[PDB]
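Given as structure tokens, the chain that follows is alone and in the form deposited in one PDB entry.
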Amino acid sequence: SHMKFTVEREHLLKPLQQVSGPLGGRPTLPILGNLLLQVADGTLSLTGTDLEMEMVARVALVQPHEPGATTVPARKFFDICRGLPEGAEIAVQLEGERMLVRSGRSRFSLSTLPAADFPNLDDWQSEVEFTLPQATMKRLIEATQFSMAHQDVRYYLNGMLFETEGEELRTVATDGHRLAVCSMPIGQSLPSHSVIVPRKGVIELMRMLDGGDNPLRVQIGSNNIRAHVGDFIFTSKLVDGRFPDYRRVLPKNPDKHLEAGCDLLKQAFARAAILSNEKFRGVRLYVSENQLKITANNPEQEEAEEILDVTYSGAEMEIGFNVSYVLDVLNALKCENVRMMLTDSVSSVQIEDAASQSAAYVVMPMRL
């Protein structure tokens, strides 16, 4: 190969950072630490992969260039380009098994691995397609991602449900103790479809959405998902499993409704958490006419107690929660007031913005 290109540092830095996204997780196969570089039809393509997902960036080439392909260590190449001064011109050329980088009086010779060895995802067909604002996709992911399981044996929970229904796009995430669900209108009629995006890909897609107005084109296949925004393309294999129905966890007929200031609740739970058991993180909620009492105890017999003025008219009840799950929800709700819908001490609780029904959170209580 005789791949050759010359590009401005400023046009290369964001693409490098973006395609280096799937390179987390310390992969064993050495080429997985490399980026695939391809020159063809006046375009430089950069690809980063982890075998499950691919991140692609396209850079227009206006300066003399020669077609070809190679793979280069991602971290070293990024650090070199990042380390060069603002407005630097980066001249790249291949010499046998080495990639030469020239800028000003700086020269770098990098070891390569053949482009022919770079893993790629199998070709697939899109079956569902739609366009939506970047901010809408980001909101759907940010509102629910903290509720995804991390390394659960129920592999289908280590990710996020993306469901199309009517004119809405819905995201669902659960770890079996708590659930998050967000729905947004996308002003387009859609077929009923649901897919599971792996957690690693969900995170990388969310980090890819940084621009404003700019539309996101989504293509969903039987085993893959693709999202394109500007010069960036995110592709991932889907999790091949059946996701639980979120409707099963929603309180059937909640008879108890609590309303309180979001920040006031958040700060009271955060202080009470200090004296909660380090392992179980249990807090006790005492709900009575217009008052909430939060208590936390630990094995050292230390105790925290917080009393808040809230809006509540119902029967008095005591309920236990893992304070971290409650704090995660309150931190996700960027609002003034919070609503809590309860039934009894052993049943699920729904937490929402008192003013909006777009995102619902369900936390299962603890006996303690």
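If you superpose the two forms and keep the largest set of C-alpha atoms that fall within 1.5 Å, you have the rigid core. Heads up: residue numbers just count along the shown sequence, starting at 1.
Missing-residue comparison: residue 65 falls in the unmodelled set for none of the other PDB entries checked, so it is not missing from a third of them. The records show that residue 339 is included in the coordinate set of every other eligible entry of this protein, so it is not omitted in a third of them. Taking the PDB entry as given, 255 to 263 carries the higher mean Cα B factor of the two stretches 255 to 263 and 271 to 279. The question of which stretch, 153 to 161 or 291 to 299, has the higher mean Cα B factor is settled in favour of 291 to 299. Comparing C-alpha B-factors across 190, 81, 91, 195 in the deposited entry, the largest value falls on 190. Going by the entry's values, 185 shows the largest Cα B-factor out of 185, 119, 114, 87. Sort the chain's modelled residues by C-alpha temperature factor and residue 27 lands in the highest third, per the entry.
In the PDB entry, residue 366 places in the middle third of its chain by CA B-factor. For residue 236, the recorded CA temperature factor ranks within the lowest third of the chain's modelled residues.
For residue 204, the recorded CA B-factor ranks within the middle third of the chain. Only modelled residues enter the ranking.
When all modelled residues of the chain are sorted by CA temperature factor, residue 213 is found within the highest third.
Heads up, the form deposited in another entry isn't pictured, but that's what we're talking about next.
Here residue 28 counts as shifted, since its C-alpha moves by at least 2 Å between this form and the one not shown after the core is aligned.
In the other form, the separation between the C-alpha atoms of residue 243 and residue 24 grows by 3 Å or more relative to the displayed form.
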